[PDB]
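J.: File name structure_11.cif; file contents mmCIF, C-alpha atoms; full text below.
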data_run
#
loop_
_atom_site.label_atom_id
_atom_site.label_comp_id
_atom_site.auth_asym_id
_atom_site.auth_seq_id
_atom_site.Cartn_x
_atom_site.Cartn_y
_atom_site.Cartn_z
CA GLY A 954 216.45 132.02 76.26
CA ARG A 955 219.24 131.36 78.82
CA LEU A 956 220.41 127.74 79.24
CA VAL A 957 222.43 126.29 82.15
CA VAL A 958 223.56 122.68 82.08
CA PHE A 959 224.77 121.67 85.56
CA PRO A 960 227.58 119.15 85.90
CA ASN A 961 225.05 116.40 86.79
CA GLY A 962 223.13 116.90 83.53
CA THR A 963 220.25 118.92 84.99
CA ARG A 964 219.21 121.69 82.62
CA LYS A 965 217.70 125.03 83.46
CA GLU A 966 216.23 126.84 80.48
CA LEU A 967 214.06 129.90 80.23
CA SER A 968 211.22 129.60 77.68
CA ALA A 969 211.64 131.53 74.40
CA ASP A 970 209.04 134.14 75.55
CA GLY A 971 210.95 134.62 78.86
CA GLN A 972 208.03 133.68 81.12
CA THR A 973 208.58 130.06 82.23
CA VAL A 974 211.68 128.81 84.06
CA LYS A 975 211.97 125.19 83.06
CA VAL A 976 214.16 122.77 84.95
CA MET A 977 214.78 119.34 83.44
CA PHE A 978 216.41 117.28 86.20
CA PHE A 979 218.82 114.49 85.32
CA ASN A 980 216.43 111.93 86.85
CA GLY A 981 213.62 112.79 84.40
CA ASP A 982 211.77 115.14 86.79
CA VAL A 983 210.62 118.43 85.32
CA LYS A 984 209.84 121.70 87.08
CA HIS A 985 208.19 124.80 85.59
CA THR A 986 208.11 128.01 87.58
CA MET A 987 205.63 130.64 86.37
CA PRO A 988 205.62 134.50 86.64
CA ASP A 989 202.95 134.40 89.37
CA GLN A 990 205.34 132.11 91.35
CA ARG A 991 203.27 128.92 90.77
CA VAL A 992 205.54 125.89 90.63
CA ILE A 993 204.50 122.85 88.60
CA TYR A 994 206.54 119.75 89.28
CA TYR A 995 206.38 116.44 87.41
CA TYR A 996 207.78 113.40 89.29
CA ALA A 997 208.82 111.00 86.51
CA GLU A 998 209.01 107.77 88.58
CA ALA A 999 205.64 108.33 90.27
CA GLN A 1000 204.21 109.95 87.06
CA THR A 1001 202.59 112.53 89.33
CA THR A 1002 202.07 116.26 88.85
CA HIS A 1003 202.47 118.48 91.94
CA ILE A 1004 201.46 122.12 91.80
CA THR A 1005 202.44 124.51 94.62
CA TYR A 1006 200.70 127.87 94.63
CA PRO A 1007 202.22 131.07 96.28
CA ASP A 1008 199.63 130.93 99.13
CA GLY A 1009 200.93 127.45 100.13
CA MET A 1010 198.08 125.40 98.64
CA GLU A 1011 199.24 122.21 96.91
CA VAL A 1012 197.49 120.09 94.35
CA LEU A 1013 198.58 116.64 93.24
CA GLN A 1014 197.36 114.83 90.13
CA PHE A 1015 198.04 111.06 90.06
CA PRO A 1016 198.11 108.62 87.10
CA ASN A 1017 194.93 106.84 88.25
CA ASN A 1018 193.33 110.27 87.65
CA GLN A 1019 192.83 111.09 91.36
CA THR A 1020 193.41 114.65 92.53
CA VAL A 1021 194.45 115.65 96.05
CA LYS A 1022 194.25 119.22 97.23
CA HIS A 1023 195.96 120.41 100.45
CA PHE A 1024 194.22 123.46 101.91
CA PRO A 1025 195.91 126.03 104.14
CA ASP A 1026 193.36 125.29 106.92
CA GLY A 1027 194.69 121.69 107.04
CA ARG A 1028 191.94 119.86 105.09
CA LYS A 1029 192.94 117.37 102.37
CA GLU A 1030 190.36 116.85 99.60
CA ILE A 1031 190.61 113.77 97.36
CA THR A 1032 188.61 113.69 94.12
CA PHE A 1033 188.08 110.34 92.41
CA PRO A 1034 187.50 110.08 88.64
CA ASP A 1035 183.83 109.13 89.26
CA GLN A 1036 183.26 112.56 90.91
CA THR A 1037 183.30 111.22 94.54
CA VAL A 1038 184.96 113.85 96.74
CA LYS A 1039 186.53 112.72 100.03
CA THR A 1040 187.59 115.37 102.57
CA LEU A 1041 190.00 114.60 105.43
CA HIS A 1042 189.64 117.10 108.28
CA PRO A 1043 192.37 117.98 110.88
CA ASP A 1044 190.28 116.41 113.69
CA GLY A 1045 190.43 113.03 111.88
CA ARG A 1046 186.88 113.08 110.41
CA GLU A 1047 186.58 111.81 106.82
CA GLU A 1048 183.56 112.87 104.78
CA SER A 1049 182.80 111.40 101.37
CA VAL A 1050 180.23 113.06 99.12
CA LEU A 1051 178.98 110.61 96.49
CA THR A 1052 177.81 111.81 93.10
CA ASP A 1053 174.10 111.31 94.05
CA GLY A 1054 174.57 113.67 97.06
CA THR A 1055 174.87 110.96 99.75
CA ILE A 1056 177.33 111.93 102.47
CA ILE A 1057 179.28 109.21 104.32
CA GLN A 1058 181.14 110.42 107.40
CA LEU A 1059 183.75 108.30 109.23
CA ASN A 1060 184.37 109.60 112.74
CA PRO A 1061 187.38 109.24 115.07
CA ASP A 1062 185.14 107.48 117.71
CA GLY A 1063 184.47 104.42 115.50
CA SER A 1064 181.14 105.63 114.15
CA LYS A 1065 179.92 105.83 110.60
CA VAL A 1066 177.19 108.35 109.68
CA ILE A 1067 175.32 108.26 106.38
CA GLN A 1068 173.26 111.30 105.37
CA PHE A 1069 170.94 110.29 102.53
CA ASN A 1070 169.63 113.00 100.10
CA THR A 1071 166.11 112.26 101.37
CA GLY A 1072 166.99 113.93 104.71
CA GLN A 1073 167.24 110.58 106.54
CA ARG A 1074 170.40 110.05 108.58
CA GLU A 1075 171.84 106.73 109.73
CA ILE A 1076 174.32 106.51 112.62
CA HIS A 1077 176.23 103.25 113.18
CA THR A 1078 178.27 102.66 116.32
CA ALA A 1079 179.67 99.46 117.91
CA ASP A 1080 176.59 99.43 120.17
CA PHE A 1081 173.74 100.46 117.82
CA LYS A 1082 172.40 101.39 114.42
CA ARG A 1083 170.18 104.45 114.52
CA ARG A 1084 168.00 106.09 111.93
CA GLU A 1085 166.95 109.72 112.31
CA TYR A 1086 164.06 111.09 110.25
CA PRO A 1087 163.57 114.79 109.32
CA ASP A 1088 160.47 115.27 111.56
CA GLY A 1089 162.46 114.22 114.68
CA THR A 1090 161.61 110.51 114.84
CA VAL A 1091 164.53 108.24 115.80
CA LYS A 1092 164.71 104.45 115.57
CA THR A 1093 167.66 102.79 117.35
CA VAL A 1094 168.42 99.09 117.21
CA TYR A 1095 170.88 97.85 119.86
CA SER A 1096 173.38 95.04 119.30
CA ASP A 1097 171.35 92.93 121.76
CA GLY A 1098 168.29 93.32 119.50
CA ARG A 1099 166.33 95.85 121.58
CA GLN A 1100 164.53 98.57 119.61
CA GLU A 1101 163.77 102.15 120.70
CA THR A 1102 161.50 104.60 118.88
CA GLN A 1103 161.64 108.28 119.89
CA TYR A 1104 158.69 110.20 118.42
CA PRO A 1105 158.80 113.94 117.72
CA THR A 1106 156.36 114.37 120.61
CA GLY A 1107 158.82 113.26 123.30
CA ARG A 1108 157.36 109.75 123.50
CA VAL A 1109 159.97 107.00 123.88
CA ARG A 1110 158.95 103.38 123.29
CA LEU A 1111 161.40 100.54 123.94
CA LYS A 1112 160.93 96.94 122.76
CA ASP A 1113 162.67 93.66 123.63
CA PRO A 1114 164.21 91.59 120.80
CA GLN A 1115 160.90 89.76 120.14
CA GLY A 1116 159.15 93.11 119.67
CA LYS A 1117 157.36 93.24 123.01
CA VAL A 1118 157.04 96.73 124.49
CA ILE A 1119 158.95 97.00 127.76
CA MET A 1120 158.91 100.82 128.21
CA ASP A 1121 156.61 103.51 126.88
CA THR A 1122 156.98 106.96 128.41
CA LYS A 1123 156.10 110.56 127.58
CA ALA A 1124 156.42 113.80 129.62
#
What is this structure when it is put down as structure tokens?
T.:
Amino acid sequence: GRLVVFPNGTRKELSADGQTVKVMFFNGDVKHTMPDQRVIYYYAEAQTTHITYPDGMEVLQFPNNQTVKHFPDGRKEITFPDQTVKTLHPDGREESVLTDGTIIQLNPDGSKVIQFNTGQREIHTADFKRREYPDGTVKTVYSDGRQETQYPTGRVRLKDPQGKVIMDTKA
């Protein structure tokens, strides 16, 4: 049950059972250090809880009920109250998994990819919006209005903006 009061008012007190080292900082921050070396830190101003594990993993819990987990591999995973999980990868990719299973990926090249739970995949770039279907069919609409269908057979059919076929090839 040791107690140290530092000249600045910060208190360090061991729990009655000897297991938790509790620091109450003069600014209202509180730190608990556990036997397994887990550190739990409450930031009073931000009202945020920050847990640091021995392996270096960190988890933050914010007032708005968001959680952010920092993984040793460099990923940062943000969980929203509604169950949406957003992962930030080291390469700059951001992938959100919605509660219905939909995946929305934001890529460092400007593109947005949506993977629907039906297998269908939508790719949006500055130059086109493309839909890929599980069988191998691809429909691409260009910013200029041209439309290309690739069939799983190798056939590629291209149409002008009015829908007139201007190219239809197959090997």
J.: Just to confirm, what's the straight-line distance from CA of residue 1033 (chain A) to CA of residue 1052 (chain A) in Å (one decimal)?
T.: 10.4 Å
J.: Residues picked by the PyMOL selection byres ((chain A and resi 1080) around 7) here, as a ChimeraX atom specification?
T.: /A:1078-1079,1081,1095-1096
J.: Using Å and a single decimal, report how far CA of residue 1087 (chain A) sits from CA of residue 1102 (chain A).
T.: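 According to the coordinates, CA of residue 1102 (chain A) and CA of residue 1087 (chain A) are separated by 14.1 Å.
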J.: Please report the interatomic distance between CA of residue 1073 (chain A) and CA of residue 1111 (chain A) in Å with one decimal.
T.: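 For CA of residue 1073 (chain A) relative to CA of residue 1111 (chain A), the distance reads 20.9 Å.
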J.: Nearest to residue 1021 (chain A): which of A:998, A:1009, A:1084, A:1041 is it, counting all atoms listed in the file?
T.: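 Of A:998, A:1009, A:1084, A:1041, the one nearest residue 1021 (chain A), counting all atoms listed in the file, is A:1041.
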J.: At a cut-off of 10 Å, using all atoms listed in the file, what residues contact residue 1085 (chain A)? Leave out same-chain residues fewer than 5 positions from it and give the result as a compact mmCIF listing (two decimals) with C-alpha atoms, keeping the file's coordinate frame.
T.:
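Below is the file that was written, around09.txt:
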# COMPACT_ATOMS: atom_id res chain seq x y z
CA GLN A 1068 173.26 111.30 105.37
CA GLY A 1072 166.99 113.93 104.71
CA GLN A 1073 167.24 110.58 106.54
CA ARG A 1074 170.40 110.05 108.58
CA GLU A 1075 171.84 106.73 109.73
CA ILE A 1076 174.32 106.51 112.62
CA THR A 1090 161.61 110.51 114.84
CA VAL A 1091 164.53 108.24 115.80
CA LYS A 1092 164.71 104.45 115.57
CA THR A 1093 167.66 102.79 117.35
CA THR A 1102 161.50 104.60 118.88
CA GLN A 1103 161.64 108.28 119.89
J.: Taking the file as I've supplied it (selection: the PyMOL selection byres ((chain A and resi 987) around 12)), which residues are included? Please answer as a PyMOL selection string.
T.: chain A and resi 967-968+970-976+984-986+988-994+1004-1007
J.: To test your reading of the syntax: which residues would the PyMOL selection byres ((chain A and resi 1053-1062) around 10) return for the file shown? Reply as number ranges by chain.
T.: A: 1036-1041, 1044-1052, 1063-1072, 1074-1079
J.: List the neighbours of residue 1116 (chain A) out to 12 Å using all atoms listed in the file; skip same-chain residues closer than 2 positions along the sequence, and give me the result as JSON, numbers by chain.
T.: {"A": [1094, 1098, 1099, 1100, 1101, 1102, 1110, 1111, 1112, 1113, 1114, 1118, 1119, 1120]}
J.: Next, the residues of the selection above should be written as a CSV table (one decimal), keeping the file's coordinate frame with C-alpha atoms.
T.:
chain,number,residue,atom,x,y,z
A,1094,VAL,CA,168.4,99.1,117.2
A,1098,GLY,CA,168.3,93.3,119.5
A,1099,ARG,CA,166.3,95.8,121.6
A,1100,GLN,CA,164.5,98.6,119.6
A,1101,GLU,CA,163.8,102.2,120.7
A,1102,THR,CA,161.5,104.6,118.9
A,1110,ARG,CA,159.0,103.4,123.3
A,1111,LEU,CA,161.4,100.5,123.9
A,1112,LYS,CA,160.9,96.9,122.8
A,1113,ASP,CA,162.7,93.7,123.6
A,1114,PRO,CA,164.2,91.6,120.8
A,1118,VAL,CA,157.0,96.7,124.5
A,1119,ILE,CA,159.0,97.0,127.8
A,1120,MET,CA,158.9,100.8,128.2
J.: Between A:1043, A:1089, A:1010, A:962, which is the closest to residue 1107 (chain A) once you count all atoms listed in the file?
T.: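 Among the listed residues, A:1089 lies closest to residue 1107 (chain A).
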J.: Using only C-alpha atoms, which residues sit within 6 Å of residue 982 (chain A) once same-chain residues fewer than 6 positions away are excluded, as a compact mmCIF listing (two decimals) with C-alpha atoms, in the coordinates of the input?
T.:
# COMPACT_ATOMS: atom_id res chain seq x y z
CA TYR A 995 206.38 116.44 87.41
CA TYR A 996 207.78 113.40 89.29
CA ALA A 997 208.82 111.00 86.51
J.: Taking (155.0, 108.0, 126.8) in the file's coordinates, which residues come within 8 Å, counting only C-alpha atoms, written as a ChimeraX atom specification?
T.: /A:1107-1110,1121-1124
J.: Pull out region 962-1057 of chain A, keep C-alpha atoms, and write it as a compact mmCIF listing (two decimals), in the first residue's frame.
T.:
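Result written to result26.txt:
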# COMPACT_ATOMS: atom_id res chain seq x y z
CA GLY A 962 1.03 16.88 -6.34
CA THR A 963 1.30 13.74 -8.48
CA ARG A 964 0.55 10.64 -6.42
CA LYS A 965 1.88 7.16 -6.90
CA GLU A 966 0.01 4.53 -4.92
CA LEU A 967 0.10 0.77 -5.03
CA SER A 968 -3.34 -0.90 -4.83
CA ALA A 969 -4.24 -2.57 -1.50
CA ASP A 970 -3.72 -6.06 -3.06
CA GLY A 971 -0.24 -4.99 -4.33
CA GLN A 972 -0.95 -5.67 -8.01
CA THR A 973 -1.72 -2.31 -9.65
CA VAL A 974 0.64 0.69 -9.64
CA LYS A 975 -1.63 3.69 -9.83
CA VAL A 976 -0.35 7.11 -10.76
CA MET A 977 -2.66 10.09 -10.31
CA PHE A 978 -0.97 12.99 -12.10
CA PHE A 979 -1.52 16.54 -10.91
CA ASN A 980 -3.20 17.41 -14.24
CA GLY A 981 -5.98 14.83 -13.73
CA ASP A 982 -4.36 12.12 -15.88
CA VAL A 983 -4.34 8.63 -14.41
CA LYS A 984 -2.02 5.72 -15.18
CA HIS A 985 -2.40 2.10 -14.04
CA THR A 986 0.43 -0.35 -14.61
CA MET A 987 -0.48 -4.03 -14.31
CA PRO A 988 1.60 -7.13 -13.33
CA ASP A 989 1.76 -8.30 -16.96
CA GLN A 990 3.28 -4.86 -17.80
CA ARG A 991 0.13 -3.52 -19.53
CA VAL A 992 -0.16 0.22 -19.05
CA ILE A 993 -3.59 1.88 -19.05
CA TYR A 994 -3.50 5.63 -19.35
CA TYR A 995 -6.44 8.02 -19.04
CA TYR A 996 -5.93 11.50 -20.60
CA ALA A 997 -8.31 13.74 -18.64
CA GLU A 998 -8.49 16.69 -21.09
CA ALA A 999 -9.07 14.47 -24.14
CA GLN A 1000 -11.16 12.00 -22.02
CA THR A 1001 -9.36 9.22 -23.88
CA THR A 1002 -8.12 5.84 -22.67
CA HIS A 1003 -4.79 4.61 -24.10
CA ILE A 1004 -3.66 1.06 -23.44
CA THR A 1005 -0.09 -0.02 -24.28
CA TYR A 1006 0.58 -3.74 -24.26
CA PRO A 1007 4.12 -5.28 -23.66
CA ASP A 1008 4.38 -6.36 -27.35
CA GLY A 1009 4.05 -2.68 -28.43
CA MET A 1010 0.41 -2.82 -29.56
CA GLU A 1011 -1.61 0.25 -28.57
CA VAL A 1012 -5.34 0.68 -28.29
CA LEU A 1013 -7.14 4.00 -27.88
CA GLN A 1014 -10.75 4.43 -26.79
CA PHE A 1015 -12.27 7.87 -27.50
CA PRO A 1016 -15.35 9.57 -25.96
CA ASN A 1017 -17.35 9.30 -29.21
CA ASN A 1018 -16.95 5.54 -28.63
CA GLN A 1019 -14.45 4.99 -31.47
CA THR A 1020 -11.60 2.56 -30.93
CA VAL A 1021 -8.22 2.72 -32.69
CA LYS A 1022 -5.80 -0.16 -32.60
CA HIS A 1023 -2.14 0.21 -33.69
CA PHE A 1024 -0.70 -3.12 -34.86
CA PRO A 1025 3.00 -3.99 -34.79
CA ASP A 1026 2.93 -4.56 -38.59
CA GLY A 1027 1.99 -0.86 -39.03
CA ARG A 1028 -1.77 -1.17 -39.70
CA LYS A 1029 -4.18 1.13 -37.82
CA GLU A 1030 -7.72 -0.23 -37.36
CA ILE A 1031 -10.55 2.17 -36.47
CA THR A 1032 -13.84 0.74 -35.19
CA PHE A 1033 -16.91 2.97 -35.23
CA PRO A 1034 -19.81 2.44 -32.78
CA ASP A 1035 -22.02 1.17 -35.66
CA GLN A 1036 -19.58 -1.76 -36.18
CA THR A 1037 -17.89 -0.27 -39.32
CA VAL A 1038 -14.20 -1.21 -39.22
CA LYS A 1039 -11.73 0.96 -41.16
CA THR A 1040 -8.16 -0.31 -41.67
CA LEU A 1041 -5.30 2.01 -42.69
CA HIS A 1042 -2.43 0.08 -44.27
CA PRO A 1043 1.27 1.21 -44.41
CA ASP A 1044 1.08 1.58 -48.23
CA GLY A 1045 -1.69 4.22 -47.81
CA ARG A 1046 -4.67 1.98 -48.72
CA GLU A 1047 -7.79 2.45 -46.56
CA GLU A 1048 -10.32 -0.36 -46.42
CA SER A 1049 -13.69 0.03 -44.72
CA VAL A 1050 -15.81 -3.04 -43.99
CA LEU A 1051 -19.45 -2.06 -43.47
CA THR A 1052 -21.71 -4.05 -41.20
CA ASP A 1053 -23.51 -5.69 -44.21
CA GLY A 1054 -20.12 -7.01 -45.49
CA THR A 1055 -19.57 -4.35 -48.20
CA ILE A 1056 -15.90 -3.43 -48.55
CA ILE A 1057 -14.93 0.10 -49.66
